[PDB]
Amino acid sequence: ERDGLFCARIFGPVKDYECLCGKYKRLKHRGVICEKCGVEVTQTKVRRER
RNA sequence: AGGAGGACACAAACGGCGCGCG
DNA sequence: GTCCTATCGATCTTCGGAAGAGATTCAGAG
DNA sequence: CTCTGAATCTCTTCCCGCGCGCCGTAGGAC
Ligand SMILES: [Zn+2]
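Residues numbered from 1 in each chain as written, not as in the entry; some residues may be left out. Chains lettered and ligands numbered in written order. Part of a larger assembly, values for the part shown. Heavy atoms only, no water.

cryo-EM is the method the PDB entry states for this structure, with the resolution given as 3.1 Å.

As recorded by the PDB entry, chain A carries the name DNA-directed RNA polymerase subunit beta' and is attributed to Escherichia coli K-12. This entry's official PDB title is "30S-TEC (TEC in expressome position) Inactive state 2".

Printed below as a string of structure tokens:
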């Protein structure tokens, strides 16, 4: 759930390299910001550091 | 006649309680 | 049945630790 | 009247692995 303790756009996406909203599923769109959910697509590991 | 035209990737978790062994 | 909110917001959470160390109070003490 | 004594307060601590095995949100409102 967004804006929660596990918000995707706050801490990071859950999928390996895919955004939560599913707009992008490739390294070709790595680093871009989606506007279907607001989550930033990057390496999911960053989710443990933000 | 002549002549003309014509989908890749991907293998199980975190805290108690109890027991037991070194 | 589902999904909810809230968590002794009318109790009594255990009495079979020891100690060791500070920290905090008190007590004649001038 | 506080000072510099004790005395009485709370807090911290307690070997290493290893296996079994269970056991693990709750009551209330639409
Ligand atoms: Zn997305």
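**Some points on the pattern of salt bridges**
What the rule picks out here adds up to 3 salt bridges. Across the salt bridge formed by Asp3 and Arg2, the nearest N and O atoms sit 3.8 Å from each other. A residue is classified by how much of its surface remains accessible, and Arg2, at 53% relative accessible area, is exposed. With its nearest N and O atoms 3.4 Å apart, the salt bridge here joins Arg50 to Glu40. One end of the pair, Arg50, is in the segment after α1 (8–11); the other, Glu40, is in the segment after α1, and 10 residues separate them in sequence. (Salt bridge = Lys/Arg side-chain N within 4 Å of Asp/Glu carboxyl O. Buried < 20%, exposed > 50% of the residue type's maximum accessible area, 1.4 Å probe, protein only. Helix = DSSP H or I, 4+ residues; strand = E, 2+ residues; numbered from the N terminus.)

**Examining the environment of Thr42**
Counting through the fold element by element, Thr42 comes out in the segment after α1. Sequence separation between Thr42 and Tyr24 is 18 residues, and the spatial gap between their C-alpha atoms is 10 Å. What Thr42 contacts, discounting residues up to four positions off in sequence, is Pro13, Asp16, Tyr17 and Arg50. (Contact = heavy atoms within 4.5 Å.)

**Side note on the coordination of the zinc ion**
Around the zinc ion, the donor atoms from the protein are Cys19 (SG) and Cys21 (SG), and they sit 2.3 Å away. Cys19 gets classed as buried once you look at its relative accessible area, which sits at 0%. (Donors = N, O, S within 2.8 Å, 3.2 Å for Na, K, Ca; no water.)

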